[PDB]
């Protein structure tokens, strides 16, 4: 029932609101924080070293109303680097709580 065009429009607005935050949000307490970023799926804020960072499931998802308590996660290492998957230069991410159904 949810169309591609409606989802694309919602995603563009999510990206725009995210870009506003990336530019406007105050600087991190220290350089040891992992840097905020938009990874095409979710908008990530700066991360405290050695901690998990969570954001709600992206609101543009067609099934967003079905995962309102969900969160997507990343891990900011003690050295201030987003944990990376051994597979590549991509960050480890846990999106399981935002999957359909």
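Rigid core: the largest C-alpha set superposing within 1.5 Å between the two forms. Residue numbers count along the first chain shown, from 1.
For the pair 52 to 60 and 25 to 33, greater average C-alpha departure from the shown form in 8 other deposited structures of this protein after core alignment is found in 25 to 33. Comparing 7 to 15 with 88 to 96 by root mean square Cα distance to the shown form in 8 other deposited structures of this protein, with the rigid core used for the fit, gives 88 to 96 as the more displaced stretch. Averaged over their C-alpha atoms, the temperature factors of 30 to 38 and 58 to 66 are higher for 30 to 38. As listed in the deposited structure, the average C-alpha B-factor of 15 to 23 and of 82 to 90 is greater for 82 to 90.
Residue 8 sits in the lowest third of its chain by CA B factor, as recorded in the PDB entry.
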